[PDB]
Amino acid sequence: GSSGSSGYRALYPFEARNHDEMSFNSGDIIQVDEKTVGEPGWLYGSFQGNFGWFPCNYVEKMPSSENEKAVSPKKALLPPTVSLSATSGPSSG
């Protein structure tokens, strides 16, 4: 439960009553980005076609789905790439 999304649940339904504010209802997960920095006592997140700055309160940090099973995603190798020709020599006759 760290580095990579946060996960929040909108307590009450708030309306974007500002310039670049967000709009969401209660019972809606708020993909808050615990990285973006800006305002002091403000929290920025990204919801269904809704992205703005909201007050740190309305939302309530949710649990990591009742504890999580530490998974270790081993590293995998990817195949190479191949380029192709372009353009060409047109004519005029």
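Residues numbered from 1 in each chain as written, not as in the entry; some residues may be left out. Heavy atoms only, no water.

Method of determination, as given in the entry header: solution NMR.

**Focus on the overall build of the chain**
Inclusion rule: In this text, helices come from DSSP runs of H or I with a minimum length of four residues, and strands from runs of E with a minimum of two, each type numbered from the N-terminal end. Think of it in three bands: with a 1.4 Å probe and only protein chains considered, a residue is buried below 20% of the maximum accessible area for its type, exposed above 50%, and partly exposed in between. In this description, accessible areas are obtained by the Shrake-Rupley approach with a 1.4 Å probe, and a residue is regarded as covered only by the protein chains that are shown. Under the convention used here, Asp and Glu are negative, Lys and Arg are positive, and both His and the chain ends fall outside the count. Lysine's charge is taken at NZ, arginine's at CZ, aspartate's at CG and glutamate's at CD.
From N to C terminus, the chain includes zero helices and five strands. In the chain, the succession of helices and strands from N to C terminus is β-β-β-β-β. Within the span of the chain, comprising 93 residues, buried residues form 15% of the whole. For the chain, the exposed surface amounts to about 8,000 Å²; the carbon and sulfur share of it is 50%. Seen as two clouds, the 7 positive and the 10 negative side-chain charges of the chain have centres 13 Å apart.

**Looking at the pairing of strand 2 (residues 29–32)**
To keep things clear, this is the line we draw: Two strands are said to pair when DSSP picks up at least two bridges between them.
Of the two faces of strand 2, the one holding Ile30 and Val32 is buried and the one holding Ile29 and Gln31 is not buried anywhere. Relative to strand 2, strand 1 (residues 8–10) runs antiparallel, the two being bridged by two bridges. Bridging across to strand 2, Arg9 finds its partner in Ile29. As paired strands, strand 2 and strand 3 (residues 42–47) are joined by two bridges and run antiparallel to one another. Counted as the bridge partner of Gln31 is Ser46 from strand 3.

**A closer look at the layout of surface pockets**
Rules: The pocket and cavity definitions rest on a 1 Å grid over protein atoms only: a 1.4 Å probe that fits but cannot leave marks a cavity, an open set with protein on both sides within 12 Å along at least five of seven lines marks a pocket, and residues lining either have an atom within 4 Å of a point. Grid points are joined across faces, edges and corners, and a volume is the space filled by probe spheres set on the points. In the scheme used here, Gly and all other residues not listed as nonpolar or charged are polar, with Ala, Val, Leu, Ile, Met, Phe, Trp, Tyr, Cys and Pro taken as nonpolar and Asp, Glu, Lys and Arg as charged.
In this structure, the largest pocket spans a volume of roughly 280 Å³. Contributing to the lining of the largest pocket are 14 residues, with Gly1, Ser2, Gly4, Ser5 and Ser6 lying nearest its centre. Residues belonging to the lining of the largest pocket are distributed by class as follows: two nonpolar, eight polar and four charged.

**Overview of the sheet that holds strand 2**
Hydrogen bonds between backbone atoms are what pair the strands of a sheet, whose relative direction is either parallel or antiparallel. Here is the rule we go by: Axes here refer to lines fitted to C-alpha atoms; in helices the fit is confined to the stretch in contact. Angles between the N-to-C directions go from 0 to 180 degrees.
Pairing is antiparallel across the open sheet formed by five strands, whose spatial order is 4-3-2-1-5. For this open sheet the edge positions go to strand 4 (50–55) and strand 5 (59–61), each flanked by a neighbour on one side alone. Mean inter-strand twist for the sheet, computed between neighbouring axes without regard to direction, equals 40 degrees.

**Observations concerning the nonpolar core**
Here is the rule: Think of a nonpolar core as a cluster: buried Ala, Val, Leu, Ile, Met, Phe, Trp, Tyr and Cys residues, connected wherever their side-chain atoms sit within 4.5 Å. In this description, contact between two residues means that some pair of their heavy atoms is separated by no more than 4.5 Å.
Of all hydrophobic cores here, the largest spans ten residues; its members are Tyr8, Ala10, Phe14, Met22, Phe24, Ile30, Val32, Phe47, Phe54 and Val59. If you list the elements that add at least two residues to this core, you get strand 1 and strand 2. For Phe24, the residues in contact, after removing those within four places along its chain, are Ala10, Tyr12, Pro13, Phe14, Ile30, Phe47, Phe54 and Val59.

**Things to note about the environment of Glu66**
With respect to the element layout, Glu66 can be found in the segment after strand 5. Owing to a relative accessible area of 74%, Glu66 belongs among the exposed residues under this scheme. Placed 13 residues apart in sequence, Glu66 and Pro79 show a C-alpha to C-alpha distance of 38 Å.

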